[PDB]
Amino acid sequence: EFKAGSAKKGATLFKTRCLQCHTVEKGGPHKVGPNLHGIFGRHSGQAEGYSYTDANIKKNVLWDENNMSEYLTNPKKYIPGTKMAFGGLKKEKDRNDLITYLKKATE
């Protein structure tokens, strides 16, 4: 399960693996992927001004640290049909660190 880690390590992971497609700040733009401000406690597929797959929408995930960790392990396994082109983060430590960063960066 998710355990608080290092947002410092997390930020580097996010920057090298996610930032290309996602911004995190309030009012930051949608790009290849949606802006993630407020993602934790929001349902999947709900950010306005972004065109999602029906798959992402229908999943009805209420994003939290634990289901995010499962998603990021292997996105297409968690949401078959998703257009997020990301293989996954296999190490629990990396997901813990990334998610620690993301919670703080998107709140």
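Residues carry their position along the shown sequence, with the first being 1.
Mean C-alpha B-factor comparison - 89-97 and 18-26, higher one
Between 89-97 and 18-26, it is 89-97 that shows the higher mean C-alpha B-factor.
Going by the mean C-alpha B-factor recorded in the entry, which is higher: 53-61 or 34-42?
Mean B over CA atoms: larger for 53-61.
Ranked C-alpha temperature factor of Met68 among modelled chain residues, by third:
Within its chain, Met68 is a lowest-third residue by C-alpha B-factor, going by the deposited values.
Split the chain's modelled residues into thirds by Cα B-factor; is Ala105 in the lowest, middle or highest one?
It belongs to the lowest third of the chain when residues are ordered by C-alpha B-factor.
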